[PDB]
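Here are the chains, one letter per residue:
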Amino acid sequence: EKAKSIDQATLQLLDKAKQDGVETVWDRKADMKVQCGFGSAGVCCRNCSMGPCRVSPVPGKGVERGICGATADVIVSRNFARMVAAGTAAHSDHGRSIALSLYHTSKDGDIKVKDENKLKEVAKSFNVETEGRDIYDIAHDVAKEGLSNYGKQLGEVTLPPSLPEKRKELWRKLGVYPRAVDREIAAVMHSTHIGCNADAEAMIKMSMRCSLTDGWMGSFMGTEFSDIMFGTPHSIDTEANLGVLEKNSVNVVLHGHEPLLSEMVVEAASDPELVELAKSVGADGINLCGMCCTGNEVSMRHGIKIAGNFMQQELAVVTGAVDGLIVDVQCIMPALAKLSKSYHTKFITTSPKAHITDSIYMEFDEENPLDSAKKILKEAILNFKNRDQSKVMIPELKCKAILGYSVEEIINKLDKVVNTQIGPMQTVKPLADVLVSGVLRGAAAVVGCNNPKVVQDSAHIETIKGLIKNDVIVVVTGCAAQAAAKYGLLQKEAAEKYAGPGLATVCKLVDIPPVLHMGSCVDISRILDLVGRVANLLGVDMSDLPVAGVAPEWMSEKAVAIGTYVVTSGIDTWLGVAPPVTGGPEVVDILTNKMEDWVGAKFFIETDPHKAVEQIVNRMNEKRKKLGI
Amino acid sequence: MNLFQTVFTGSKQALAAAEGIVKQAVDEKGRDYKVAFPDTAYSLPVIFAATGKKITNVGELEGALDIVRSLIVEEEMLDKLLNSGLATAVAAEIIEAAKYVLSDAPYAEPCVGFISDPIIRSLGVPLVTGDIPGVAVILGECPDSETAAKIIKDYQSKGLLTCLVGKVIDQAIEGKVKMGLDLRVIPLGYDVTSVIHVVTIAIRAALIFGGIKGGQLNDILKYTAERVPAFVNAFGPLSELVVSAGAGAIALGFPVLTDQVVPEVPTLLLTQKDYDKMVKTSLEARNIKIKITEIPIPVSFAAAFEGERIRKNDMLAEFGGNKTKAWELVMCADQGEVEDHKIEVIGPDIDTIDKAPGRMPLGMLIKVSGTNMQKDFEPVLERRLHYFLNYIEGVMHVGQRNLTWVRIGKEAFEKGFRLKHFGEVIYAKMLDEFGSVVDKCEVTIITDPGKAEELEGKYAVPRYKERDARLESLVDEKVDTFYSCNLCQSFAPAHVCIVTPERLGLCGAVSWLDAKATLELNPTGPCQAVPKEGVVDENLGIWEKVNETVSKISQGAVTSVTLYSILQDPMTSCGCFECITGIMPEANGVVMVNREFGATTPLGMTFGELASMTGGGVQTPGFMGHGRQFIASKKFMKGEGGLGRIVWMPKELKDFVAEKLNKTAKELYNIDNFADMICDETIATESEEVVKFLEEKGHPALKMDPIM
Ligand code: SF4
Ligand code: SF4
Ligand SMILES: [F-]
Ligand SMILES: [F-]
Ligand SMILES: [F-]
Ligand SMILES: [F-]
Ligand code: NA
Ligand code: NA
Ligand code: NA
Ligand code: NI
Ligand code: NI
C-alpha cells in the first residue's frame, strides 16, 4: 500500500528485482511484519544471562523491574548508551586508520601529503613545530599527536580551535569533557554492565561525554587528515543516481566508508595497463561509481559519479551492469553476498574489519596500497567478459550535482561579497552577517540514513525543500546529501526553483546552490567547524545561534552518536525516526526537555517532516529573539 | 533592536508623518486642489512607477496612503523588508508632494528641491555613456566640516554626480565646495524625505530611456539596479526613519555605505569608519571603475610615453645590463605576510647621488596577496612591470627577470622623481589591471648591495628555477595548442608572435605556460589560443590554423608562417628581442649578437644596425629576433640545421649558455667542446679572419648543406 521510494529509477529497478525473483531490503522489512514493541521502546535488556528481561513501557502496569532490579529508565538509558558507544567506535576506527596512514606517508610513497598549507595549520593545533622542518616529519608528528587522542591515559586531549571556549568550560562544569576516544567507549561499556550504573541522568551524561570523542576528535581528525593526504575539497561538478552506470563501460562501484581504498582505486583507474585492459575486453573504459560515504569522499575530491545512497545498494546489482562491487566497512548490507549470486557481479570485500561470508575477500594491503587497488580493480575489469548485455537494465535517470563545499571553500566563496576596503577576508563573517541581519533566518544541517520505516528519500526531500523555502540555508552530508543530489537540489538553478527570497538572494550573490553538500558523515565535523567559527566570531556560544540538525530517515548507531554530539555541542536536533526510548519516561524527559538546561539544546522526535520544518523555524526564531537578532 | 523591526518602525513613522501633512493639505485646500511637481510628465514618479496611475488632486494624495499601508507587512522575511522600504519611499513622495501643495515655491536655493524632467534628460545621457560613473547620494552629518568637503570634492573630482540631503549641505558650504548642476553637486533638501528627489531621478530615467511602462514596478527595479549607478552614504547617527529609507535604496539596488555601526548585509549595507578610504569602498560596492587610475607620482603617465629613447647624455641613473645586478620579482603570498600599500626603499635613493650618471643595483620585490591568486600567475604579473614602468615619462625598462635594464632620465629628477614613486605605480596598476585576483600589494625597491644579494638567490632565483623547470619537460609535440600575442602591435602592427613550449616569445618574458595563464585571467586579452591542426610540415612547423589566425590578427599583412625556419616565410620580429640571428653565407651558418654587446659583428653591422634589418613586423628571410632561452632550443632552426649553424657570438653569450648549449650539442651528436668552436670577439670579428678560425676548429656547419 505504501510507496517504497520517491525516486523513479529506484522504483523501476525495484520492479526488475521482483521479476528476477531476488530479495531487497524492502522485502525483508515486510517479512519482519509487526516488530517487537519491547525492543522498539527500549525496555528489553540482554546485558547478562539472568535475562532476557523485558519490563512494561507503560509505567505502573505489568512487569516493573528486571531480575537484577533495573527499572525501565535504567534499561532504556543503558541500551541508548551502547548505541552511542557503537557509533563512536565506528567513527573511531575510521579516523584511527586515517591517522595511521598519515604516519606512514613518505615523499616517494603511495600515500603523500597533498595539502601542505592545511597540515601546517593543523600542526599549530597540536603544538607541532613547522618552521624549517621537512613536511613529512611534520605530518608524522601530527599523526602521533592525533593518535594520542585515541588512547592517552594521562593529560588532556587536543580539541580543534573552532570549538568555543564557552562550550569547553560548560562541559567541564557538567562533567562531560571528553577523554581518550577508546577510553570513553570502554567507559560506557563498563557502566552498562549488570550491577553498575542504574541512573538515567548519569547514564545519558556518559553517553554525551562519549559522543564528543566522535564529532570533535574521531570524525574531526579523520576529516582533517583525509584532507591533508587526499586534498581539501573544493566546489566540483558531478552526476548522481543510478543512470551514471554505462552499459558499454566497465562499471566498478565503490561502496563503504574508509577512503584510502577508493582513493587508490581512482588512481588505479588511470594506469595505462588497466586502461588498455578494459579496452581489450571490449568496453569503452573504466566507469567508477561511488555509493554512500566512500562515494561521497571521492566525489567531493574528484567528482566521481555517485551511483546512489544506502537503500539503493541492492538495486545497483539488479541493473546487471555492476562488474565489481568493492566494499570496505560500515553499512554494507550482508544481503549483497546472496543477491550477487544471481548476477555476474563479483562482490569483493577488502577490509578484515568486515568479512562477509560467501563474498570474495581481497585484502587491501595498506603497505602497498596502489599495487593492491590495482590487483582488485583488474579482477573487476576482467569480470566484464561475463556480462550478459541482454539482461542489462540501466534507467535513463541521472541528475547533475555540485558538491565539494568544505569549510575552506565556503569561506573562499564568501570572500566574493567582502568589500576590499571594509571587512576581513578568509573569515566566516559574511555568513554571520546575513544571519545576524535576518536575511537568512538560520542554518540547518540535514544528515542521516535511509530507513524502511520511511518512504526512502521522501523525508529528506520534504525537510530540505521546506527549510530552504523559509530562507534557511541547508547543509547536507551522507545519504541525505546524496538524496538531495539525486533529486536535483545540489544545483545553482535550485535557488529560484525552491528557495525563499533571502536564500535566493544570498545564493545569487555568493554563486552557490541553496543546499551545500559538505561531504561524508565524518565530514559532519565540517559543520561543527563552521557553526563554531560563527559562534566564536559573534562572541557567543553555539547554543545561542539559530542552527539546527535534522536526521529524517536515520538508522545507524552512528546517527545516534552523531545526533547526541550535535546536541551536546549545543545544536537542536530533529529525528525523523523514533529512537527506542519511549519505554523510559525519564529518558524521554532528559532527551526532549532537561537536555536544554544542560547544554542549551535538546532532541526533537518528529516523523512528519512538514511539522518538523515548522518546529525548526519556530525554535530558530525563538533563539533569534533571545539573542536580539 | 533587530534590523527588520528597525526598518518596520521607521516605515510606520514614515507613514505616520505622511498622514499628518496630508491632513494639513485637506484642511487648508480641500480634497480637490491640484497636486503636481514642476515640469514633470509623470506626476508622482514613485507612485506612477508602482501603480501606473497619476495623482492629480488632494483626495487622490490622501487616498494614496493605502499604498504605503499595503507595502508594510511586518514579517521578518527579506521580501517584506524591501516592500517596507518601498513604503517609506512612497510615503516620502507623499510628504514631499504635500510640501508643494501647501506652498507654491516650498524650496528655495541653496536647496534645489524637486528635480524637473528636462534636467533628467540633460543628466541622463552622460549616465548611459558613463561620463558620470555613478551618483553619490550622501545624507546625514559628518563629524567635521573638513571631512565632509574632503569627500564631496573627491567624488566631484571623479566626475560623478553627488547629491546632498541633510546637515551636510551646511557642512559642504562651510567646506568651500561649490554647488550647481554643472558642478555635479546638487543639494536636495534638509529633511530626510528629500532623498526621494534622487530616487525620482533613477525612476524617471527608466521611464524615459528604458522605455518601460508605469506599473511595471519589478521591471523598474531591475532597470535601477542594473543601469543607473547609485549609492547612498549615510553619515552621523542613523534614525529609524532614515534606516527605513535605506531599505528603499536597497530595493532600487543601491548599496548603503555608512559610518554608523549597523547589522551589515553583504554588497548592500556596510560600515566604513575610515573616511579617507570611504570613496573607494563606495565605488567598489557599486562596481564603479574610473576611466583613469590615480597616480601619486608627479611625472606624466601615459601609454604614448612608452618607447621613449634616452641617450647617455640625458640619463640620470642606470640599473642592469652587464654592468649591475638588477632583478624584479612577483610572488604570491599569504594575506598576513603583506601590508597593503607598503612601500619601502632600502638603500641609496636618487637624492643621495649628486654626482654624474652612476650605476646602482636594483632589486624590485613585489609581494602580492590574493584569494584566488596562484603560483602559475606570477610570470603574468611580472610581465606587466615592463609595461607599467615604461609608461612613466623619463624612465625606460627592458629585459625580464634578473637580466633587466632600467634607465631614468634627468627630466624626471628635475621634476622631483623618487624611488618611492616606483611602488606607487606598481601598487595602483596591479590593482587596476587585476582587480579580481589581487587583494594586497607590497613593493620593496632595493638599491642596497647586501639585501640585493640577500634577496636574489633567496627568493628571486628559486622562483625562476622552479619556473624554468616547468617548461624544460615540455616539447612542442606533446601540446595541442599554441598561443598568439599582439601586445607589441602598438609599434609593429603586422607582427604576431606564436608561443610554443620550445619557441618562447622573442621578448623572453612570455612562455607557453605564461601565455596560457594570461588567457585564463583575460579572455579579451592579447594572448589567444590556436589549435595545432592541419599540419602540412612538421620539420619546419607550418600549421594551417596558425596561418588562419595570423592573417586575421595581422589584418591580412602576413599570409604564411613557418615556426622552425628563418629562410622560408619566417615569423616577424617586433623590437624587444634580447638577441638577433643573422645569416652569414661565408660560414654556411648564422651569427648571434645580443643587445648589450656594442661592437661590430662580422656582418659589418652592430646590434643597432641589425635591429633595423629584422624588426618592424616585416617578413625578413635570414634574420630573426629571439629571446635568450630560444638559443638552446631543439626546434631552433630545425629546418636549417639547428644550433649547429652558430659560428659567432660575443663572449658574454657563450658564458651564459655554456651549460644550456653544450647539452643541446651532445643531444645532436656534437662533441662537448661545441661552445668553444664558436668564434667570439676575443678571437676575430671579420669574416675573412673568422672563416680560417672555423676551418681550424673543424666546425660542423662547414660540412653541412648550404643554407640557400
Ligand atoms: S541487566 Fe538486569 S534487567 Fe537486564 S537482562 Fe540482566 S538481570 Fe535482566
Ligand atoms: S615580444 Fe611577442 S609575446 Fe612578447 S609582448 Fe611582443 S608580440 Fe607579445
Ligand atoms: F548480468
Ligand atoms: F582492525
Ligand atoms: F522644506
Ligand atoms: F615593449
Ligand atoms: Na582546522
Ligand atoms: Na556472482
Ligand atoms: Na524546562
Ligand atoms: Ni615584442
Ligand atoms: Ni620586439
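Conventions adopted
- Within each chain the numbering goes from 1 in written sequence order, not necessarily matching the entry, and residues lacking coordinates are not shown.
- Lettering of chains starts at A and numbering of ligands starts at 1, both following the order in which they are written.
- Because the shown chains make up only part of a larger assembly, each value pertains to the shown part and nothing beyond it.
- Values reported for side chains reflect all heavy atoms of the structure, with hydrogen atoms and water molecules removed beforehand.
- By the criteria applied, helices consist of DSSP H or I runs no shorter than four residues and strands consist of E runs no shorter than two, each listed in order from the N terminus.
- This radius of gyration counts C-alpha atoms alone. The globule rule is 2.2 Å times how many residues there are, raised to the power 0.38.
- Throughout, exposure labels follow a simple rule: accessible area from a 1.4 Å probe, protein chains only, divided by the maximum for the residue type, with under 20% read as buried, over 50% as exposed, and the rest as partly exposed.
- Any two residues whose heavy atoms approach within 4.5 Å are treated as being in contact.
- For Na, K and Ca the donor cut-off is 3.2 Å, while for other metals it is 2.8 Å, and in both cases only N, O and S atoms qualify; water is not among them, so sites may look incomplete.
- For four-coordinate sites, all angles between 85 and 135 degrees define a tetrahedron; for four- and six-coordinate sites, opposite donors beyond 155 degrees with the remaining angles between 65 and 115 define square planar and octahedral shapes respectively, and all other cases count as irregular.
- In this text, near means that some heavy atom of the residue lies within 4 Å of the molecule or strand in question.
- In this classification, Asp, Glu, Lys and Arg are treated as charged, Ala, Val, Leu, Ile, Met, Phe, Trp, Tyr, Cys and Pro as nonpolar, and every other residue, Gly included, as polar.
- Only when DSSP finds a minimum of two bridges between them are two strands counted as paired.
- Note on definitions: angles span 0 to 180 degrees between N-to-C directions of axes, and those axes are lines fitted to C-alpha atoms, for helices only across the stretch in contact.
- Whether two aromatic rings pair depends on their centres lying within 6.5 Å, for rings of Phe, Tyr and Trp, where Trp uses its six-membered ring; planes under 30 degrees apart make the pair stacked, over 60 edge-to-face, and the rest tilted.
- In this scheme, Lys NZ or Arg CZ marks a charge over a ring once it lies within 6 Å of the ring centre and within 35 degrees of the ring normal.
- When an angle is under 35 degrees it counts as roughly parallel; over 145 it counts as roughly antiparallel; between 65 and 115 it counts as roughly perpendicular; any other value is oblique.
- Residues enter a patch when their relative accessible area is above 30% and they make no salt bridge; the linking distance is 9 Å between like charges and 5 Å between nonpolar side chains (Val, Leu, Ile, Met, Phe, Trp, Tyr).
- Note on areas: Shrake-Rupley, 1.4 Å probe, and residue coverage restricted to the protein chains presented here.
- Any carboxyl oxygen of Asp or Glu that lies within 4 Å of a side-chain nitrogen of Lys or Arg is treated as forming a salt bridge with it.
- Counting rule for charge: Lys and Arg are taken as positive, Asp and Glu as negative, and neither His nor the chain ends is counted.
- Note that the charge is assigned to NZ on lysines, CZ on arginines, CG on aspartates and CD on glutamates.
- Marked domain ranges trace back to an automatic or database domain assignment.
- Simply put, the buried area is the total loss of 1.4 Å probe accessible area from both parts when two parts are fitted together.
- Each polar contact in these results corresponds to two N or O atoms within 3.5 Å; when the atoms are within protein, one needs to be able to donate a hydrogen and the other to accept it, and residues that are neighboring in sequence are counted only if both atoms are side-chain atoms.

As summarised from the PDB record, the model derives from X-ray crystallography at a stated resolution of 3.0100 Å.

Caption draft 1: Broad picture of the overall build of chain A. A count of helical and extended segments in chain A gives 25 helices and 16 strands. A compact globule built from 629 residues should have a C-alpha radius of gyration of about 25 Å, and chain A, at 24 Å, falls within 12% of that. Expressed along its principal axes, the backbone C-alpha trace of chain A runs to roughly 70 × 65 × 50 Å. The buried share among the 629 residues of chain A stands at 62%. Summarising the internal contacts of chain A: among those between residues at least 6 apart in sequence, 75% fall at separations of at least 24.

Caption draft 2: Spatial organisation of the overall build of chain B. Assigned secondary structure in chain B consists of 23 helices and 23 strands. For 708 residues, the compact-globule estimate of 2.2 N^0.38 gives 27 Å, and chain B exceeds it by more than 25% at 34 Å. Considering only C-alpha atoms, chain B reaches an extent of 115 × 60 × 40 Å along its principal axes. The burial tally for chain B puts 56% of its 708 residues in the buried class.

Caption draft 3: Looking closely at the coordination of the sodium ion (ligand 8). Residue and element names in this part refer to chain A. For the sodium ion (ligand 8), every protein donor is listed as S340 (O), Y343 (O) and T345 (O), and the spread of their distances is 2.7 to 3.0 Å. Mapped onto the sequence, the residues coordinating the sodium ion (ligand 8) show the spacing S-x2-Y-x1-T. Across the pair, exposure class does not vary: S340 and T345 are buried alike.

Caption draft 4: Geometry of the coordination of the nickel ion (ligand 11). All names here are of chain B. The protein atoms that coordinate the nickel ion (ligand 11) are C574 (SG), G575 (N), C576 (N) and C576 (SG), at distances of 2.0 to 2.6 Å. Of note is the nickel ion (ligand 11), whose four donor atoms meet at the metal with angles of 81 to 172° in an arrangement that counts as irregular. Each donor residue of the nickel ion (ligand 11) belongs to the same chain, with the gaps between them written as C-G-C. Separating the nickel ion (ligand 11) from the nickel ion (ligand 10) is a gap of 2.9 Å, bridged by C574, which donates to each. Looking at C574, the relative accessible area reads 5%, which means it is buried. A relative accessible area of 46% places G575 in the partly exposed class.

Caption draft 5: Examining the site of ligand 2 more closely. Neighbouring residues of ligand 2: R383(B), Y387(B), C485(B), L487(B), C488(B), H495(B), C497(B), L506(B), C507(B), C574(B) and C576(B). Among the residues making up the shell around ligand 2, the classes are represented as nine nonpolar, one polar and one charged.

Caption draft 6: How the structure looks around the site of ligand 1. Close to ligand 1 lie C45(A), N47(A), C48(A), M50(A), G51(A), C53(A), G66(A), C68(A), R78(A) and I194(A). Its residues placed into classes, the shell around ligand 1 shows six nonpolar, three polar and one charged.

Caption draft 7: Representation of the sheet that holds strand β11 (residues 442-446) of chain A. Residue and element names in this part refer to chain A. Taking strand neighbours across the sheet as the criterion, the six strands line up as β13-β12-β11-β14-β15-β16 in an open arrangement whose pairing is parallel. Strands with a single pairing partner mark the edges of an open sheet, and in this sheet they are β13 (515-517) and β16 (603-605). Strand-to-strand twist in this sheet, taken as the mean axis angle between neighbours without regard to direction, amounts to 25°. Here strand β12 (residues 472-476) pairs with β13 via three bridges, running parallel. Counted as the bridge partner of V476 is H517 from β13.

Caption draft 8: How the structure looks around the sheet that holds strand β7 (residues 315-320) of chain B. All names here are of chain B. Sheet architecture is open: four strands sit in the order β10-β7-β13-β12, paired in mixed fashion. For this open sheet the edge positions go to β10 (358-359) and β12 (395-398), each flanked by a neighbour on one side alone. Pairing analysis gives four bridges linking β12 to strand β13 (residues 405-409), with the strands arranged antiparallel. Its bridge partner being in β13, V398 is matched across the sheet by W405.

Caption draft 9: Local environment of the packing of aromatic side chains. In this structure the tally under the stated criterion is 16 aromatic pairs over all chains. Taken together, a centroid distance of 3.9 Å and an interplanar angle of 10° make the contact between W574(A) and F604(A) stacked. Highlighted residues: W574(A) in strand β15 (residues 572-575) and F604(A) in strand β16, separated in sequence by 30 residues. This pair shows no difference in class: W574(A) is buried, exactly as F604(A) is. In textbook terms, an aromatic cluster arises when at least three aromatic residues are bridged by ring pairs, as seen for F37(B), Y100(B), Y107(B) and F114(B). When the ring centre of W598(A) is taken as reference, the NZ or CZ atom of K205(A) above it lies at 4.9 Å.

Caption draft 10: Looking closely at the side chain of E409(A). Structurally, the position occupied by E409(A) is in helix α16 (residues 407-414). Among all residues touching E409(A), those that are not within four sequence positions of it are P233(A), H234(A), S235(A) and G404(A).

Caption draft 11: Spatial organisation of the packing of helix α18 (residues 458-469) of chain A against helix α19 (residues 478-487) of chain A. All names here are of chain A. Where α18 contacts α19, the two axes come as close as 9 Å, and the packing angle between them is 80°. Taken together, the axes of α18 and α19 lie roughly perpendicular to each other. Facing α18, whose interface residues are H460, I461, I464 and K465, α19 presents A480, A483, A484 and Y487. Looking at the contact of α18 with α19 residue by residue, the classes come out as six nonpolar, one polar and one charged.

Caption draft 12: Summary view of the environment of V691(B). All names here are of chain B. By secondary structure assignment, the location of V691 is in helix α23 (residues 687-697). On the basis of relative accessible area, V691 is assigned to the partly exposed category, the value being 23%. For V691 and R407, which are 284 residues apart along the polypeptide, the C-alpha to C-alpha distance reads 38 Å.

Caption draft 13: Up close: a negative patch on the surface. Among the surface-exposed residues, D110(A), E267(A), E363(A), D365(A), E366(A), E367(A) and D371(A) lie close enough to one another that they form a single negatively charged patch. Along the chain, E366(A) turns up in the loop between β9 (360-361) and α15 (369-382).

Caption draft 14: Broad picture of the domain arrangement of chain B. We note that the domain assignment places domain 1 (3-102), domain 2 (117-286), domain 3 (303-462), domain 4 (471-554) and domain 5 (579-697) within chain B. Domain 2 of chain B and domain 5 of chain B are separated by 65 Å when their C-alpha centres are compared.

Caption draft 15: Spotlight on the interface of chain A and chain B. At the junction of the two partners, chain A supplies 28 residues and chain B supplies 25 residues. Here chain A and chain B share an interface that buries about 2,100 Å² over both sides, 59% of which is from carbon and sulfur atoms. The three residues of chain A that bury the most area against chain B are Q421(A), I422(A) and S437(A), which together make up 28% of that side's buried surface. The tally of links between chain A and chain B comes to two salt bridges. Between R441(A) and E76(B) there is a salt bridge; the shortest N-O distance is 2.6 Å. Scanning the region where chain A abuts chain B turns up seven residue pairs in polar contact. Looking at the side of chain A that touches chain B, the elements that each hand over two or more residues are α17 (429-437) and α21 (501-510) of chain A. Looking at the side of chain A that touches chain B element by element, the count peaks at six residues for α17(A). Considering only residue class, the side of chain A that touches chain B consists of 11 nonpolar, 10 polar and seven charged.

Caption draft 16: Highlighting the domain arrangement of chain A. All names here are of chain A. Looking at chain A, the domain boundaries give domain 1 (58-233), domain 2 (234-404) and domain 3 (407-629). Every contact between the two is made by 42 residues of domain 1 and, on the other side, 40 residues of domain 3. In total, domain 1 and domain 3 occlude about 3,600 Å² of area from one another, counting both sides; carbon and sulfur atoms represent 68% of this. Looking only at domain 1, the three residues that lose the most surface to domain 3 are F80, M83 and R167, adding up to 17% of its buried area. The tally of links from domain 1 across to domain 3 stands at four salt bridges. Taking the shortest distance from any N to any O, the salt bridge between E408 and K118 comes out at 2.6 Å.

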